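S.K.: One structure coming up, written as structure tokens, with questions to follow.
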Amino acid sequence: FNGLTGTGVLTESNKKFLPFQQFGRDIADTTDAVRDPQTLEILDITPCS
Amino acid sequence: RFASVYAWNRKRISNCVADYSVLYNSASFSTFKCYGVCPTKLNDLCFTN
Amino acid sequence: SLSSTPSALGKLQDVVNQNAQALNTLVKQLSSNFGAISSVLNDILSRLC
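Quick mapping for you: the protein sequence lines, in order, are chains U, L and S.
Here the entry's author numbering is used: the first residue of the first sequence is 543, the next is one more, and so on.
Here the entry's author numbering is used: the first residue of the second sequence is 346, the next is one more, and so on.
Here the entry's author numbering is used: the first residue of the third sequence is 937, the next is one more, and so on.
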């Protein structure tokens, strides 16, 4: 993406972001979900099994 | 059109891509030093401001 | 008596709560910098040489 480099499984998110947030964070301070720079879908990042 | 230092100017760079490709390696500069990101990685990053 | 008083089984609930707190404290130390420029390894690697 724009950074937030990592490995995981991207699925559609049921989240909404405020227009200026781009991505979120978990309690562990890891990215929870990101907005796709193109088309702006929010994708949840789950761990790989 | 460089400014007097007492009244240094500033321009915003936005909505554009690249030219962080170690331009300093042209050796037209007497010095080049980064205080954040190591110079060779600037061209791999995204910025907001 | 057991149905009526919620504190009746506090001795077992306390064990559960202590263990939950330990795990919910351990995952939060991941957000700490510990003097590092960032709590996230991926940010260190994408920006520094």
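Note that CB positions come from ideal geometry on N, CA and C, so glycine has one too.
1. For chain S, is any of its Cβ atoms less than 7 Å away from the one on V382(L)?
2. How many angstroms separate the CA atom of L966(S) from the CA atom of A352(L)?
3. Is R346(L) helix, strand or coil when you go by DSSP?
4. For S975(S), which residues in chain L fall below 8 Å Cβ to Cβ?
5. Relative to chain S, which residues along the stretch 566-581 of chain U have a C-beta separation below 7 Å, given in chain order?
6. Name, going along the chain, the residues of the stretch 948-968 of chain S whose beta-carbon falls closer than 7 Å to a beta-carbon of chain U.
M.R.: Taking the geometry as given:
1. yes
2. 44 Å
3. coil
4. Ordered by position in chain L, no residue passes the 8 Å Cβ test against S975(S), which lies about 17 Å from the chain.
5. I569, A570, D571
6. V963, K964, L966, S967
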